[PDB]
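The sequence shown lines up with residues 16 to 34, 37 to 67, 69 to 125, 127 to 130, 132 to 184, 184B, 185 to 188, 188A, 189 to 204, 209 to 217, 219 to 221, 221A, 222 to 245 when you count with the deposited numbering. Report on the following structure.
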Amino acid sequence: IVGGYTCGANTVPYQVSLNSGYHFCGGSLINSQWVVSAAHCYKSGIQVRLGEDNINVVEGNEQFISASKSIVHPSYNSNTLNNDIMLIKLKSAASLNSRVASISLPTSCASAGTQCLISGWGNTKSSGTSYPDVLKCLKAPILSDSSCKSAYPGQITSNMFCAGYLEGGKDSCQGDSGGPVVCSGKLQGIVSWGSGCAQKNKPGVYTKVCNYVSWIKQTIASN
Ligand SMILES: CC(=N)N1CC[C@H](Oc2ccc([C@H](Cc3ccc4ccc(C(=N)N)cc4c3)C(=O)O)cc2)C1
Ligand SMILES: [Ca+2]
């Protein structure tokens, strides 16, 4: 997260860290046995880390649970990043408490103007590389479809939305991938892609979760 602030230990209880020997992507806990992340975060041998703040120090509220199954969206296109969403089932259910909690799926799509909370352990520099050990947060508004499409000609689908600031300076970045975009208590986006990080006229692009609610519900009910 570039231009954000330190969230504070367990203030974003649904935030997960996907670990394969090291943190490589974020994710959101949607219930006690399921995690939602970006399809581009797909890997085998994933361990889901819940209740995390500092990812390099055992602080006491963590739950490390291995994934039993991963399901990439049937129409995911790795070249365009269309349908960049994936579900991960935990081998055992997480113990939900005040520090580890699920986030609600949306009942309707969010519109431009809505302020959301984006979080992750990704790169904090627009030019250069610096990865934080503790969770970073950023409040950012959802941008109009017109602005989004003007920024990325022919690359924005109905399954994507832009959020951030056209003036640059604040944005999610590499390492934040798969992480949550929560607006008014509902999971509306998943950190997907962008041209650089926090660059002028190059806002972050996120997966539009509201278009996948039925797929998510059906998949969980049958797996
Ligand atoms: C070629 C083209 N026009 N495309 C449009 C869709 C797709 O975009 C991508 C895919 C992977 C990357 C990563 C880099 C990359 C990876 C994750 C990111 C997460 C967030 C942000 C952000 N600024 N909010 C930027 C990221 C940039 C790479 O270079 O490998 C960057 C952009 C391909
Ligand atoms: Ca820790």
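In this text, a Cβ means the ideal position worked out from N, Cα and C, and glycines have one as well.
Own chain, CB closer than 7 Å to residue i, minus 5 neighbours either side, in chain order
i: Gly188; result: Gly18, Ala221
i: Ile121; result: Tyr29, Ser45, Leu46, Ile47, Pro198, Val200, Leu209
i: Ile73; result: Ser32, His40, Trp141, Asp153
Cβ distance (whole Å) where residue i is taken to contact residue j below 8 Å
i: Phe181; j: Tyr228; result: 6 Å
i: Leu108; j: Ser127; result: With 8 Å as the limit, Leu108 and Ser127 do not qualify as a contact, their Cβ atoms being about 28 Å apart.
i: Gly184; j: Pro225; result: 4 Å
i: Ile16; j: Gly216; result: That belief does not hold up - the Cβ atoms of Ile16 and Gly216 are roughly 12 Å apart, past 8 Å.
i: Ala171; j: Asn245; result: Rounded, the Cβ-Cβ distance is 37 Å, inconsistent with contact.
i: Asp194; j: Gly140; result: 3 Å
Three-way DSSP call (helix, strand, coil) for residue i in this model
i: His57; result: helix
i: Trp51; result: strand
i: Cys42; result: strand
i: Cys168; result: helix
i: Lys239; result: helix
i: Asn101; result: coil
i: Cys22; result: coil
i: residue 246; result: Outside the displayed span of the chain (16 to 245) sits residue 246, for which this structure offers no information.
i: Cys232; result: helix
i: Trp215; result: strand
i: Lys222; result: coil
i: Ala85; result: strand
i: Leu158; result: strand
i: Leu67; result: strand
i: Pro198; result: strand
i: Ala183; result: strand
i: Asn95; result: coil
i: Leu163; result: coil
i: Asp189; result: strand
i: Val27; result: coil
i: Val118; result: coil
i: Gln175; result: coil
i: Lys109; result: coil
i: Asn34; result: strand
i: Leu209; result: strand
Beta-carbon contacts of residue i that lie in its chain and below 6 Å, excluding the five residues immediately before and after
i: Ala129; result: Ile162, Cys201, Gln210
i: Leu67; result: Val31, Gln81, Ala112, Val118
i: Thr177; result: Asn100
i: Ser146; result: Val17, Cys220, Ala221
i: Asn34; result: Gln64, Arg66
Same chain only: Cβ atoms within 8 Å of residue i, ignoring 5 sequence neighbours per side
i: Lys230; result: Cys128, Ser178, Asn179, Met180, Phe181, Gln210, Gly211
i: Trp51; result: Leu105, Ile106, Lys107, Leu108, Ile242
i: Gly203; result: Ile121, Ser122
i: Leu185; result: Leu163, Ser167, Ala171, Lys222, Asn223, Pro225
*Counting Cβ pairs closer than 8 Å, one from the stretch 22-31 and one from the stretch 145-159, do we hit at least three?*
Yes: the two stretches touch, three or more of their Cβ pairs being nearer than 8 Å.
*Using 8 Å as the Cβ pair cut-off and three pairs as the minimum, do the stretch 138-154 and the stretch 165-174 touch?*
With a cut-off of 8 Å, the stretch 165-174 and the stretch 138-154 do not count as touching, because too few Cβ pairs lie within range.
*Would you call the stretch 89-100 and the stretch 50-61 in contact, with 3 or more CB pairs under 8 Å?*
They touch, by the three-pair rule.
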